[PDB]
Amino acid sequence: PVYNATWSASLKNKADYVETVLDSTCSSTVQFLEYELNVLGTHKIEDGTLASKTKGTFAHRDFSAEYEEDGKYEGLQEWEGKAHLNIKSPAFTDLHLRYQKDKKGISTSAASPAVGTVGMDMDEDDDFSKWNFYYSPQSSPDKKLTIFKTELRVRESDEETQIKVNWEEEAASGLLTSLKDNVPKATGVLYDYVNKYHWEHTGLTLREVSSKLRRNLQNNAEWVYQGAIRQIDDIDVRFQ
Amino acid sequence: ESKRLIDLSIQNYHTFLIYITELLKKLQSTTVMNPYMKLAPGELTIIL
Amino acid sequence: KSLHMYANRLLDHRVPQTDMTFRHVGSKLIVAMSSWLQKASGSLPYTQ
């Protein structure tokens with residue numbers, strides 16, 4: 001009656017494609033300890049190649065997680081598709097991750113309302129290749145600060161090859177400033193989080209509970225002290 | 001204290017990279033062997 | 001040429017937050033050594 005949890009799983013085969021359904025939920029006397037998690041994935045192996053589509057979504061008091069995957073898997077080294085993650089957290093900051101992969105380019109970045117957008121892009125080709133690691137300022141999503149860059153270029157004339165490595169001190173300094181500024185942002189959210197749970201259960205803050213502990217310590221100290229004083233008189237009188 | 005540490009880190013990092021670039025430039029001036037190295041502020045290019 | 005480039009390397013680099021190159025410390029030690037030498041007995045033009 002206090003706690004009820006259900007885990008339901010099912011694997012089903014339907015001719016040409018497999019389907020995976022997972023469910024999990026819990027009912028609790030605790031408000032922040034109840035949830036429902038769900039995922040669905042359809043899997044078709046077409047003449048040996050795999051086409052994959054799956055959705056995984058989570059629901060809970062302090063946030064909800066929602067992930068989408070799509071793509072196909074050719075051989076063991078060729079996955080082409082997209083992966084998108086989106087997090088809605090009332091308890092903390094939200095996040096949205098996007099991953100992309102095509103046969104000639106890999107692009108992915110994470111948009112954080114505290115750090116900003118951090119991403120990297122890999123363009124690959126026979127006679128050239130370029131790695132880009134950039135940080136877009138939280139205050140300026142329109143520009144990319146190149147944290148680092150690599151540029152491989154094999155010359156089609158002669159046997160020379162160029163390696164060009166570039167980095168920005170500006171990007172590093174800005175990211176460091178963003179990180180040092182993010183410290184209080186996490187501190188406050190976690191502090192209010194713990195106080196919220198203390199309220200939900202006993203109605204007290206963390207500081208209120210500390211004060212209660214101190215007060216009880218003082219009360220017990222006096223309870224001991226009074227008897228410690230009384231014993232002296234007891235001993236004296238009995239000796240007399 | 002966390003913010004102070006990060007501030008000092010940025011400060012010394014910047015104060016240090018310029019000296020590193022100068023030393024790298026002086027070192028690259030030493031030799032002219034066939035594999036040619038080109039040093040630039042915030043960048044290095046390697047020809048093989 | 002090698003000694004020149006080594007001297008250039010030494011002059012061009014020092015730790016951050018200090019702008020005094022180590023060559024000044026070297027010159028200080030050389031000055032102390034020369035003072036001791038002139039103090040030493042048995043002076044010769046080769047000492048000069």
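On the basis of being within 13 Å of chain B (Cβ to nearest Cβ), closer than 30 Å to residue B:30 by Cβ and assigned to a loop (DSSP other than H, G, I, E, B), does residue C:9 make the cut?
no
Which residues, counting only those in the stretch A:72-102, are within 15 Å of the chain's Cα centre (by Cα) and part of a strand (DSSP E or B)? Write out each step before concluding.
Within the stretch A:72-102, the subset within 15 Å of the chain's Cα centre (by Cα) is A:84-98.
Selection gives A:84, A:85, A:86, A:87, A:88, A:95, A:96, A:97, A:98.
Go through B:29, B:2 for me and flag whichever is touching a helix residue (DSSP H, G or I) at 6+ places or on another chain (Cβ under 6 Å) and exposed (fewer than 13 other Cβ atoms within 10 Å of the Cβ). Break it down stepwise before answering.
Values: B:29 fails: touching a helix residue (DSSP H, G or I) at 6+ places or on another chain (Cβ under 6 Å).
Going through B:29, B:2 in turn, the sole match is B:2.
Which ones in the stretch A:192-239 are polar (S, T, N, Q), in contact with a helix residue (DSSP H, G or I) (Cβ under 6 Å, 6 or more places away or on another chain) and outside any loop (DSSP other than H, G, I, E, B)?
Correct list: A:195 only.
Specify which of the listed residues (B:8, B:17, B:23) is within 11 Å of chain C (Cβ to nearest Cβ), exposed (fewer than 13 other Cβ atoms within 10 Å of the Cβ) and assigned to a helix (DSSP H, G or I). Spell out how you get there, then give the answer.
Values: B:17 fails: exposed (fewer than 13 other Cβ atoms within 10 Å of the Cβ); B:23 fails: exposed (fewer than 13 other Cβ atoms within 10 Å of the Cβ).
Result: B:8 is the single residue among B:8, B:17, B:23 that is within 11 Å of chain C (Cβ to nearest Cβ), exposed (fewer than 13 other Cβ atoms within 10 Å of the Cβ) and assigned to a helix (DSSP H, G or I).
Of the residues in the stretch A:92-120, how many are β-branched (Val, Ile, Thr), touching a helix residue (DSSP H, G or I) at 6+ places or on another chain (Cβ under 7 Å) and more than 17 Å from residue A:147 (Cα to Cα)? Full working, then the answer.
Within the stretch A:92-120, the first condition is being β-branched (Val, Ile, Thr), and the residues that meet it are A:93, A:106, A:108, A:115, A:117-118.
Among the residues that remain, those that are also touching a helix residue (DSSP H, G or I) at 6+ places or on another chain (Cβ under 7 Å) are: A:115.
Pick out the ones that are also more than 17 Å from residue A:147 (Cα to Cα) and you get none.
Residues that pass the stated criteria total 0.
Would you tally the residues in the stretch A:129-173 being of a type in the set (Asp, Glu), without any contact (Cβ under 8 Å) to a residue 24 or more places away in the chain, in contact with a strand residue (DSSP E or B) (Cβ under 9 Å, 6 or more places away or on another chain) and not in a strand (DSSP E or B)? Explain how you work it out, then say what you get.
Applying the first criterion (of a type in the set (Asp, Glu)) to the stretch A:129-173 yields A:142, A:151, A:156, A:158-160, A:168-170.
From the residues that got through so far, the ones that are without any contact (Cβ under 8 Å) to a residue 24 or more places away in the chain too are A:142, A:151, A:158-160, A:168-169.
Among the residues that remain, those that are also in contact with a strand residue (DSSP E or B) (Cβ under 9 Å, 6 or more places away or on another chain) are: A:142, A:151, A:160, A:168.
Subset that is not in a strand (DSSP E or B): A:142, A:160, A:168.
Selection size over the stretch A:129-173: 3.
Being closer than 30 Å to residue A:2 by Cβ and touching a residue at least 12 places away in the same chain (Cβ under 8 Å) is true for just one of A:52, A:28. Which residue is that? Steps first, please.
Details: A:52 fails: closer than 30 Å to residue A:2 by Cβ.
The conditions single out A:28.
Where a number appears in this text, it was derived from the coordinates with a stated rule and is not lab data. Cβ atoms come from the backbone with ideal geometry, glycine included; neighbour counts cover every protein chain shown.
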